[PDB]
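Student: can you look at this? It's an experimental structure, sequence on top.
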Number of protein chains: 2
Amino acid sequence: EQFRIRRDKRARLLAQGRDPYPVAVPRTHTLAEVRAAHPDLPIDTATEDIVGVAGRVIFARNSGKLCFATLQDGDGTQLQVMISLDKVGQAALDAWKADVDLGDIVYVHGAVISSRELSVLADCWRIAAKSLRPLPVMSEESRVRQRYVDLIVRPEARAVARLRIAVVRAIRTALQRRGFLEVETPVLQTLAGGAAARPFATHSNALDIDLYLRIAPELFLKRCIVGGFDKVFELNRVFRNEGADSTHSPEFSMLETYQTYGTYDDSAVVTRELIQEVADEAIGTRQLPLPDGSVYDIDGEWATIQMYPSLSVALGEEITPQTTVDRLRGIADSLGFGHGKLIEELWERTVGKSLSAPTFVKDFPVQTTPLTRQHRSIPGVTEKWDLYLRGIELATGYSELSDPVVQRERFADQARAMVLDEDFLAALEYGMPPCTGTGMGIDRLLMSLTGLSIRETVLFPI
Amino acid sequence: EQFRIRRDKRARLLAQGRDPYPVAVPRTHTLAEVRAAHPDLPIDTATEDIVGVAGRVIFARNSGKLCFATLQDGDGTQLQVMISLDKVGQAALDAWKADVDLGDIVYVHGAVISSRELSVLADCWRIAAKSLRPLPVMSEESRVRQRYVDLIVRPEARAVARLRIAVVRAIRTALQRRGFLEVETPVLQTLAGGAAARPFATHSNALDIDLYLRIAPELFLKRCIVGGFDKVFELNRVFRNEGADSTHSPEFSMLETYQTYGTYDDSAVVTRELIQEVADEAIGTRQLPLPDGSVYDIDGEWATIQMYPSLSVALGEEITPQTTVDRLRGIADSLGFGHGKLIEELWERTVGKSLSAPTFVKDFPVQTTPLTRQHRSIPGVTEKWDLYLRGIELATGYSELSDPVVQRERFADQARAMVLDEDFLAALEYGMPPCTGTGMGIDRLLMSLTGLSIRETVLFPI
Ligand SMILES: COc1nc(N)nc2c1C(=O)N([C@@H]1CCCCC[C@@H]1O)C2
Ligand SMILES: COc1nc(N)nc2c1C(=O)N([C@@H]1CCCCC[C@@H]1O)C2
Ligand SMILES: N[C@@H](CCCC[NH3+])C(=O)O
Ligand SMILES: N[C@@H](CCCC[NH3+])C(=O)O
């Protein structure tokens, strides 16, 4: 109902030649600037620094000759204003009382004082924007459908938003320091490769064909390696047309990273440093406070284990690349399609879930890692690692497969379970230097670091 | 045919227990590093700095006991190697001759010398990747279908790639210095607004509905302003499902920028500074050399003109918001749907095309600018500017419309030519502070700056 009373104040403001949505108000300072400016003012004293401030009125308290309000700047910083009859008022004071509702953006020019709390006493004031909706005084799913309100009302929403931003910047900063070049590769592709997922498809009017939103940048990033990029990354959305859960969303921001003349051993080190550097820059500790109340320590060195041996220890018997699917099925049964899949699942069900401290698992089944080079010495496994951090499957790195003939096979096997990515394969046949790539999810990153859900870490999900 | 001879060398290398795609080669330096290290070496003298280098063999010259090759590192830097019988050879020399074709990535450990040109004489050497395709010794449309080869063979492809990267970084650096925060807003939207374009649509399996790839981030970026972001930008792809031409592609990278408590006058200034700063960082001059052979000067201050007056001067009569479509049709006819459209078209046909120096045109027809605030004083126009740089329609800035009721109208008018963006409108009714937004295309930016076509400025178009 207050919807309608607010709409009428708009109408009657227009009519009176007051401007409720003016083009310009001469804001001299953010409220934060005024605070940092007057840190320790003798309380109940005036100073002749005149400012023009603007802010959301989130608290009113009217009292005849004198009205107080809390201006909250968009970052959360607060300044109190005092609308007084004696300063420049009467009609001003009336208009204040009549015109100014909660959630209204307001500008006030005046002197900076402290009251019997840091305030601005007003010479001038003006509405900067009239709200036709009061703030609520929130369920998780209304906070997310209306992030703009969440951000106005809930400090933590403000902090998380800025945290993601700072994390993302930390990442770019870390990679740039190391000489990585950030490239833009295509989102719309004639066929979407680089990972295991069902694509989003869209019809192009230009070309009268379907195109596919990228599931991952790998294959184009690999083209950049062919083309002589020494060190490239890309930090941007990918689209996997599948179901949503606590670690999975159909649209999400992902980092991929490619470095010539290093292996999975090298990118493991960088990934660790990168994450640690992000924590330091964006969180300021490696002793990560959780909503739990607990503390997760990501400092120091991180353990590396091998999938097959670690699984072997867990299961009480030697599991190798040679172990049959009939054997693995049986073990699987005893607990409650193919070899590679069974190993990963058994590993995930036994070793995976038990990991607390940050851990790399390396040396993966060849069948489930089409894009990663075969191990330099161990038969039947690929040089891939996964990083688990706080129990979250965070990141992966590969010693990348550059052999076009092997690579054509790996894809043929895939397809039989038949048009391949011929251009990708062509690029490889021009020669790709030995190189190691990583992938890492930003939401999972933030999750692993903070305890926040995926639906808190993106500004505008659905 | 050489396709097949190369494939056989792979096969016979495998067979002999040589590794043609090894996991790791111990590369100590980039060729650029070795160059910077030995800038002025007395030519035809040896030095006992041992290095391990790796590079693409792009030139061979075999001669009995001694073979020379050019290693080109991926950035374009060149080092010559000398494969000699006397160093560590005979069988080595034979294998070199037999095993190493052009476009092969090769590693060589050895001493750094200058010959009778900076070279490495080899103790050791190894194939790092075997190419199953020779380099061509290129049409514009094969360069772009195979950028990876373009990048190997054509220096200018290398330079342009790195230029775009440096421009994009320059942009982020410039905006960050000014306190802008880069946000990620959704690419997949329930309805795609913020501009005039037909969307790409994609079916979601998760939600069993169509989604729309964003045509622009504005409406979500505006939500961020509501939510208290003072200064936000987003630099990322947008998708407009329309035809391709020399200034238009269906997928392209675009910058949008939002700043609270400034107007179009303010963002005009920033846009100018931003562009000038980009030129300085990424190109190193504001006297822009063109393929033409000419020089385009983007230094100093840029002229601002008004659409209606400038058109009036061009046409020899007063054109105002009040001029009828019947009048404009007639004028249009005399040269060779609605008022706003006719003004822009007439303006573009008369004043637009005649502009050489960098120029802002401001004060636009209300009918064609649904999202921009009405002018503070001039009836019938909005506070929008377009920037033309080197004749290219580069950028725009608005004093943003924050009035939810006016905004609902503007959208209603649009739709009648009927479901609106209710959530966007809801956000506005929570109150958006006065603010100015800009948009700018990266490809157009690069084009305006360099003379390069849109099909050179993106790494992987199609
Ligand atoms: C929300 O994040 C994700 N959403 C989806 N749908 N899928 C994935 C993620 C996500 O974070 N992923 C990681 C990306 C590479 C790093 C290794 C672990 C995962 O594959 C996969
Ligand atoms: C290649 O760049 C573009 N491709 C398409 N399809 N459409 C546009 C571009 C492109 O650069 N645009 C600008 C974006 C905002 C700045 C004002 C001028 C244009 O609208 C529009
Ligand atoms: N494309 C991978 C990430 C890169 C892995 C290293 N080449 C994924 O989506 O899983
Ligand atoms: N969305 C605009 C760019 C931002 C204009 C300022 N609000 C466009 O695509 O034209």
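Tutor: Thanks, I have it. Residues are numbered from 1 along each chain as shown, chains lettered A, B, ... in the order given. Ligands and ions are numbered 1, 2, ... in the order given.

Student: for the longest strand seen in chain A, packing partners?
Tutor: For chain A, the longest strand by residue count, based on DSSP state E, is strand A:46-63. With contacts taken as 3 or more C-beta pairs under 8 Å, 6 or more residues apart in numbering or on different chains; DSSP states H and E, strand A:46-63 sits against helix A:31-37, strand A:66-72, strand A:78-84, strand A:105-114, strand A:118-129. For every residue, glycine as well, the C-beta is placed using N, CA and C.

Student: in the stretch 1-150 of chain A, what residue lies closest to ligand 4?
Tutor: Proximity of the stretch 1-150 of chain A to ligand 4 (C-beta to the nearest ligand atom) peaks at residue A:23, 14.1 Å away.

Student: residues contacting the residue nearest to residue A:41 when sequence neighbours are not counted?
Tutor: What sits nearest to residue A:41 in space, not counting adjacent residues and going by C-beta to C-beta, 6 or more residues apart in numbering or on different chains, is residue A:114, at 4.8 Å. Neighbouring residues of residue A:114 by C-beta atoms under 8 Å, 6 or more residues apart in numbering or on different chains: A:41, A:42, A:43, A:44, A:45.

Student: if we use 10 Å, what do you get?
Tutor: Residues in contact with residue A:114 (C-beta atoms under 10 Å, 6 or more residues apart in numbering or on different chains) are A:38, A:40, A:41, A:42, A:43, A:44, A:45, A:46, A:47, A:80.

Student: for ChimeraX, what selects the buried ones among these?
Tutor: Only the buried members of the contacts of residue A:114 end up in this ChimeraX selection, burial being decided by 16 or more other C-beta atoms under 10 Å in any protein chain shown:
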select /A:80
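
Student: turn the contacts of residue A:114 into TSV, including distance to residue B:332.
Tutor: What follows is the contacts of residue A:114, written out as TSV (distance: C-beta to C-beta, whole Å):
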residue	distance to residue B:332
A:38	60
A:40	68
A:41	65
A:42	70
A:43	69
A:44	69
A:45	68
A:46	64
A:47	62
A:80	58
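
Student: ok, so of the contacts of residue A:114, who is nearest residue A:60?
Tutor: residue A:80 (11.1 Å; C-beta to C-beta).

Student: counting neighbours, what do you get for residue A:94?
Tutor: Neighbour count of residue A:94, defined by other C-beta atoms under 10 Å in any protein chain shown: 11.

Student: so what's residue A:292 up against?
Tutor: Residues counted as contacts of residue A:292 (C-beta under 10 Å, 6+ apart) are residue A:451.

Student: what secondary structure does it sit in?
Tutor: What DSSP: H, G, I helix; E, B strand; the rest coil gives for residue A:292 is coil.

Student: one more: residue A:362?
Tutor: When classified by three-state DSSP, residue A:362 comes out as strand.

Student: show me what contacts it?
Tutor: By C-beta under 10 Å, 6+ apart, the contact set of residue A:362 is A:264-265, A:268, A:304-307, A:310, A:375, A:381-387, A:397.

Student: try residue A:310
Tutor: Applying C-beta under 10 Å, 6+ apart to residue A:310 gives the contacts A:319, A:347, A:350, A:351, A:352, A:354, A:355, A:359, A:361, A:362, A:363.

Student: same thing with residue A:454?
Tutor: Contacts for residue A:454 (C-beta under 10 Å, 6+ apart) come out as A:244-249, A:252, A:441, A:443-444, A:446-447, A:461.

Student: switch to 6 Å and redo it
Tutor: When the contact criterion is C-beta atoms under 6 Å, 6 or more residues apart in numbering or on different chains, the partners of residue A:454 are A:249, A:443.

Student: quick check, the residue in chain A closest to ligand 2?
Tutor: Ligand 2 sits closest to residue A:206 of chain A, with a gap of 9.9 Å, by C-beta to the nearest ligand atom.

Student: pretty sure that residue is in a helix, no?
Tutor: No: applying three-state DSSP, one finds residue A:206 to be coil, outside a helix.

Student: burial measure for residue A:321, as a count.
Tutor: Residues contacting residue A:321 under the criterion other C-beta under 10 Å number 17.

Student: how much space separates it from residue A:328?
Tutor: 11 Å (C-beta to C-beta, to the nearest Å).
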